[PDB]
Amino acid sequence: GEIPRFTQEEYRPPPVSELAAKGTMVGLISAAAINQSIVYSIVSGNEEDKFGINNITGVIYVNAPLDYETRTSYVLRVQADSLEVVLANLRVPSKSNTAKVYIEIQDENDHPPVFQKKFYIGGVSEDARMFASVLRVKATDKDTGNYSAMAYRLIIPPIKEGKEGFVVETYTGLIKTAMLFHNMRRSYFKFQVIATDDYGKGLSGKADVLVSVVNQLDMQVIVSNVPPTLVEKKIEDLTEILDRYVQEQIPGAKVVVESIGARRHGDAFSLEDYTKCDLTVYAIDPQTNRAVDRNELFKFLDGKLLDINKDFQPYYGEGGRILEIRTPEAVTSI
Amino acid sequence: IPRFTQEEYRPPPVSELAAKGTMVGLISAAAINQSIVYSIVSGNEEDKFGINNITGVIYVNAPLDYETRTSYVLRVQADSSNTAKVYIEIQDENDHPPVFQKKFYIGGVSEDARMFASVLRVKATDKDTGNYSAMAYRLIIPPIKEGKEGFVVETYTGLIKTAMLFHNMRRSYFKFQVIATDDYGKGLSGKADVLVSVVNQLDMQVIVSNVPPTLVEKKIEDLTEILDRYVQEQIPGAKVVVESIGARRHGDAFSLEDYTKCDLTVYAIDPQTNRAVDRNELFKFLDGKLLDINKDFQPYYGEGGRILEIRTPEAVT
Ligand SMILES: [Ca+2]
Ligand SMILES: [Ca+2]
Ligand SMILES: [Ca+2]
Ligand SMILES: [Ca+2]
Ligand SMILES: [Ca+2]
Ligand SMILES: [Ca+2]
C-alpha cells in the first residue's frame, strides 16, 4: 500500500468570483497510489458549506452563494483515500493523505456608489474668482480597490455662450466655479453630481447640488479673539457648530464661509490685527434656494453668543470668544 | 516518527532591524523516549536564519531588509525524521526619511491674493510602507513683522496657502522651509526650501488661447511645465506662475467675456533675484517662441488649438 501522493504539497487555485453560480469549478485536486483507485473528500475548513468536491474527479466546486464582503479567504484540507483491494492474489490496504487548499474570493463590483449626503448645499459670491472652490463631494461603496474608486461628473442644465457654470475634479470630488457671477446675486443653480466606480467604467450613484449666488448684502462678520490661522485650521468643526444653531431656526440651512482674515478695525476698517479674526459667513436656506436674511442671521448668532462660545471652547481654547457679530464694512460704508 | 506541536509554524513578524541572535520562534517535536535534533532543510538560501539544533529556537543570522525581501518559507527537519514549514514575515521598520520631490519650490503671490489662497503644493515620499511613509507637513518661516504667520500648510495634503494680505508688498519675498515628517508627524524628517515672491499686475502677461478656460484649467500643470522650459532656457531656474485662468476678455476696457476662448494670466519668478522677471522680457520669451510653444501645446489643446497672442494687461484704458 503506497500512501497517496498529491501532485502538489498544497493547492492555490485562481481566485473565485463572489458571484460564482453553484457548480462553478474552483480547481483540481489529484493524487495517485500505485494500482489503487482514489477518492476525494473535504475534511476541514468547510464549516460554512460553501464548497463541495466530486469524490471521483477531485474537482472542487462552488456549493452555495459566496460574498467577498462577508468572507475573503478559505483554507480547506482535502483528503485522498486509496480504495482497498481484496482479491485472491492482491491485498492492498486503503491509505490516506491530506493537502491544504488555499481558496481566495475575488471581489466583484456589486455595490453602487452612495454619496455621503443626498443633497449638497453651497454658495458662491458675486466676486468669486474663476475656479474657486465651492464644495467637495464624496461617494463610497463597500467594494474594494478599483470597484469603489470613483470618477465624478456634473449634469448641469445648459448655460448660454459657452459657459459651463461649475466643474468637478474627476477623482477628488472638488466642485469649482467655471464662470464669473457678477450681478447674479439671488440666482441659484440646481444640478446633479454622479459618482461612477472603477474610475468611471462601473456602477453609478448620484446626489443633488444647490449653489446659491450671494454678495456682501447676505453676509455677517463673526469677530473672534483668536488668530485667523486657528479659525481656518478648525473651520470644518466650527462651521458644523454654526450649522446647528442656524438649523434650529431654519431647518436644513447650510452655513457657508466666505472668507477668514485678520480682524479689521480703525478708520475705514483699514487696520489689520492678526491676533484676532474676522470670519465672514452666510447661510443658504434650501426652502427658498437663497440666502437667509442677514439681519435674521445676526439675530440667530448674536442671540446665542454664549452657547456658541461654549461649543467653540475646545477649538479656541479657554477664554476664546466671539467678540461680536457685525455687517461687512463695505456695505455699511455706504 | 517525530510529531511537531504544529503542522506548520507562523511566528510573529520579525523586525527588519533585528540584531543577530534575535529569536524568531520556537520549533518543537517529540518522539517517545528519544532526544530530538533540529535543522533547516530548505528556503534559507540567503542564509538569513539559523536554528539551535538542541532547543529548536530559530534566530536571526544576518542583516535583514524589508525593502529587498518581505517573506521567507523555511522547511525545518526534526530527527531522533519529519519536516514542517515555517512562514517568516519581515516587519517594515521606519528606516527611510522623507525626501521632497523638489529640493527648492518656487511660487508667487499677487498683492491682492485673498486670505488662504493656494500658492503651491509640496510632496515628500519615502521607500517605507504605510504609516512609515505617510507624511505630516509643517512650515518654518523666519519672523515677519507684527506677528504675521505669512503662510500655512495643510498638514496632510502639502498645500501651501497664504495667511496674510500682501498689499503694497510687490518685490518683497519670503524664503522659508517645509518639513515632512513620516508616521503622521511622529517619525523621521526631511525638508525643502521655498521661495514665494510678491508681484502685481505690472509683472504679468496674458496668454490668449482659442480654447475654453475649462480645458486650460484641466491641463494647467502640464502647460505650466512646458512654459517653464521655454522661460528656463533664457533665465535658469525661473518658474512660471499662473495668476488666473478665465474667459477671453475683449471690448471696451476688456469688459466683455468670451467663454469659448481663454485668457491665461502668468508671471515668472527668477530665483537669482527672488523677484519677478521683467514683464517685457517675459513677453519676448513667450511671443518669440509662439510657434514652438503651440506645437508642445497641441496634445493638450487638441486639433486646431493654439495660443492666439500675448497681451499686456493694462489698468488705464
Ligand atoms: Ca457581495
Ligand atoms: Ca464586492
Ligand atoms: Ca462598487
Ligand atoms: Ca530596510
Ligand atoms: Ca523600511
Ligand atoms: Ca519613512
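- As named in the PDB entry, chain B is Protocadherin related 15, taken from Sus scrofa.
- The deposited entry bears the title "Crystal Structure of Pig Protocadherin-15 EC10-MAD12".

- If you check the PDB entry, chain A appears there as Protocadherin related 15 from Sus scrofa.

## Let's talk about the coordination of the calcium ion (ligand 6)
Residues and elements named next belong to chain B.
- Ligation of the calcium ion (ligand 6) by protein atoms is provided by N94 (OD1), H96 (O), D126 (OD), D126 (OD), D128 (OD), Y132 (O) and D182 (OD), these donors lying 2.2 to 2.8 Å from the ion.
- Written as a sequence motif, the donor arrangement for the calcium ion (ligand 6) is N-x1-H-x29-D-x1-D-x3-Y-x49-D. On the criterion of sequence distance, the pair formed by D126 in the loop between β14 (124-125) and β15 (136-140) and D182 in helix α1 (residues 182-185) is long-range, its members being 56 residues apart.
- The class of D182 is buried, set by a relative accessible area of 0%.

## So, the UniProt feature "binding site: Ca(2+) 1" (unreviewed entry) in chain A
Residue and element names in this part refer to chain A.
- Listed under "binding site: Ca(2+) 1" (unreviewed entry) in the UniProt record, and renumbered for this structure, are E18, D67, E69 and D110. Spanning 93 residues, the annotated positions come together in the fold, the maximum distance between their C-alpha atoms being 9.9 Å.
- The class for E18 is buried, based on a relative accessible area of 4%.
- Setting aside chain neighbours within four positions, we find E18 in contact with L66, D67, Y68, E69, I105, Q106, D107, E108 and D110.
- Side-chain polar atoms of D67 contact the side chain of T70, separated by 2.8 Å.

## Some remarks on the interface of chain B and chain A
- Chain B puts 29 residues into the contact, and the matching count from chain A is 31 residues.
- For the pair chain B and chain A, the two sides together bury roughly 2300 Å², of which 48% comes from carbon and sulfur.
- The largest share of the area that chain B buries against chain A comes from B:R114, B:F116 and B:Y259, three residues that together contribute 26% of it.
- Linking chain B to chain A there are seven salt bridges.
- Inspection of the region where chain B meets chain A yields 14 residue pairs in polar contact.
- Looking at the side of chain B that touches chain A, the elements that each hand over two or more residues are β10 (82-91), α2 (213-218), β21 (239-250) and β22 (256-270) of chain B.
- Here the element with the most residues in the side of chain B that touches chain A is β21(B); it accounts for five residues.
- Of the residues belonging to the side of chain B that touches chain A, the class tally is eleven nonpolar, four polar and 14 charged.

## Considering the coordination of the calcium ion (ligand 2)
- Protein coordination of the calcium ion (ligand 2) is provided by A:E18 (OE), A:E69 (OE), A:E69 (OE), A:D107 (OD), A:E108 (O), A:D110 (OD) and A:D143 (OD), with donor distances spanning 2.3 to 3.2 Å.
- All donors of the calcium ion (ligand 2) belong to a single chain; written as a sequence motif, their spacing is E-x50-E-x37-D-E-x1-D-x32-D.

## A closer look at the domain arrangement of chain B
- As assigned here, chain B comprises domain 1 (3-91) and domain 2 (99-199).
- The gap between the C-alpha centroids of domain 1 of chain B and domain 2 of chain B is 48 Å.

## Things to note about the UniProt feature "binding site: Ca(2+) 2" (unreviewed entry) in chain B
Residues and elements named next belong to chain B.
- On the UniProt side, "binding site: Ca(2+) 2" (unreviewed entry) is annotated at positions that read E16, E67, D92, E93, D95 and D128 here.
- Within the fold, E16 resides in the loop between β3 (14-15) and β4 (23-26).
- If sequence neighbours within four positions are ignored, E16 has contacts with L64, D65, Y66, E67, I90, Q91, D92, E93 and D95.
- Not counting chain neighbours up to four residues away, the residues in contact with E93 comprise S15, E16, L17, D128 and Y132.
- Reaching out from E93, the side chain makes a polar contact with the side chain of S15 at a distance of 2.8 Å.

## Observations regarding the UniProt feature "binding site: Ca(2+) 3" (unreviewed entry) in chain B
All names here are of chain B.
- Taking the numbering used here, the UniProt-annotated feature "binding site: Ca(2+) 3" (unreviewed entry) corresponds to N94, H96, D126, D128, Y132 and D182. A stretch of 89 residues holds the annotated residues, and the largest C-alpha distance among them is 9.6 Å, short enough that they meet in one place.
- Within the secondary structure layout, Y132 lies in the loop between β14 and β15.
- Here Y132 falls in the partly exposed class, since its relative accessible area comes to 26%.
- Once you skip the residues sitting within four places of it in the chain, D182 turns out to touch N94, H96, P97, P98, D126, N131, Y132, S133, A134, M135, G187 and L188.

## Focus: the pattern of salt bridges
- Under the criterion given, the structure shown has 33 salt bridges over all chains.
- With its nearest N and O atoms 2.6 Å apart, the salt bridge here joins A:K299 to A:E296. Of this pair, A:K299 and A:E296 both sit in helix α4 (residues 294-302), three residues apart, roughly one helical turn.
- One salt bridge connects A:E329 with A:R326, and the closest N-O pair in it is separated by 2.5 Å.
- Since its relative accessible area comes to 21%, A:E329 is described here as partly exposed.
- For A:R326, a relative accessible area of 12% translates into the label buried.
- One network of salt bridges, in which partners are shared, links A:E10, A:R12 and B:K85.

Conventions adopted
Counting of residues restarts from 1 for each chain and follows the sequence as written, so the numbers need not equal those of the entry; residues with no coordinates are not shown. Chain letters start at A and ligand numbers start at 1, both assigned in the order the entries are written. No hydrogens and no water enter the side-chain calculation; it runs on all heavy atoms of the structure. Coordination here is defined by N, O and S atoms within 2.8 Å of the metal (3.2 Å for Na, K and Ca), and since water is not considered, a site can look incomplete. To qualify as a helix, a DSSP run of H or I must reach at least 4 residues; to qualify as a strand, a run of E must reach at least 2; elements of each kind are numbered from the N terminus. Accessible area is worked out with a 1.4 Å probe on protein chains only. A residue is then buried under 20% of its type maximum, exposed over 50%, and partly exposed in between. UniProt positions are given in the numbering used here, feature names are shortened, and annotations may be inferred rather than shown by experiment. What makes two residues a contact is simply this: any of their non-hydrogen atoms within 4.5 Å. Any pair of N or O atoms that falls within 3.5 Å is considered a polar contact. Within protein, one atom must be able to donate a hydrogen and the other to accept it, and sequence-neighbouring residues count only if both atoms are side-chain atoms. Buried area is understood as the total, over both parts, of accessible area removed when two parts are fitted together, assessed with a 1.4 Å probe. The rule for a salt bridge is simple: a side-chain nitrogen of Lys or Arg has to be within 4 Å of a carboxyl oxygen of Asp or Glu. Polarity classes work like this: nonpolar for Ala, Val, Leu, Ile, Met, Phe, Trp, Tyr, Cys and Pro, charged for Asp, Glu, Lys and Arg, and polar for all others, with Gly in that last group. An automatic or database domain assignment supplies the start and end points of every domain.

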